[PDB]
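In the form deposited without ligand ATP, a lone chain appears below as structure tokens.
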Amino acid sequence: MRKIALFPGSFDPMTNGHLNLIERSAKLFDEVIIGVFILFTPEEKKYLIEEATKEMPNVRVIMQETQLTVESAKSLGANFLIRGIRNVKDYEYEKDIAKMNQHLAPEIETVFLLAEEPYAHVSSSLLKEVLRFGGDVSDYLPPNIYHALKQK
């Protein structure tokens, strides 16, 4: 049977780091479900995310009204969560989340990949602040998300 993974996240905004991880998990799982956990509408956001990922046949996007990620995985038939780790802070944060999740849904595995070195310093919080100051972060964004962004 299939191995399906939920990639949860808020994707505000989606990054090349995000896509990179999406790309690589697409190679490892039969399928990958990107759960966007809800300025930019939930008709909008899914759009851009679907556009950015169209190249991979076994990926799809989903607006999850906010709720236990393991609930939402259980519903879609996901036995795997997939997450990236970029630095120690990130490791300890995800490790906590993964331990809670194993408590709530022990039959779900969290699986990790390391961020690719070009994207390891990138976090939405740092990104937004730079956007807000109008630095050029175009190299870190899927271009559709980029084109989309500059009506701000």
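When you see a residue number, it is the position in the sequence shown, counting from 1. Only the largest set of C-alpha atoms that superpose within 1.5 Å between the two forms is called the rigid core. Residues that one form lacks are left out of the comparison.
- Unmodelled stretch separating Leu126 from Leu127: none (count of deposited-sequence residues without coordinates).
- Mean CA temperature factor is higher for 52-60 when stretches 52-60 and 86-94 are set side by side in the entry.
- Looking at mean Cα B-factors across 137-145 and 19-27, the upper value is held by 137-145.
- Across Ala105, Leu114, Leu39, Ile33, the entry's maximum B-factor at the CA atom is seen for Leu39.
- For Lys46, the recorded CA B-factor ranks within the highest third of the chain. Only modelled residues enter the ranking.
Omitted here: the form deposited with ligand ATP bound. The next part is about that form.
- Put simply, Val122 is close to ligand ATP in the entry with it bound: some heavy atom of it is within 4.5 Å.
- Although the partner is absent here, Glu109 lies well away from ligand ATP in the entry with it bound, with no heavy atom inside 4.5 Å.
- A residue is said to contact a partner when one of its heavy atoms sits within 4.5 Å of a partner heavy atom; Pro142 fails this definition for ligand ATP in the entry with it bound, lying far away.
- None of the heavy atoms of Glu23 is located within 4.5 Å of ligand ATP in the entry with it bound.
- After superposition on the rigid core, residues whose Cα atoms move by 2 Å or more in a run of at least three fall only at 39-41 between the shown form and the other one.
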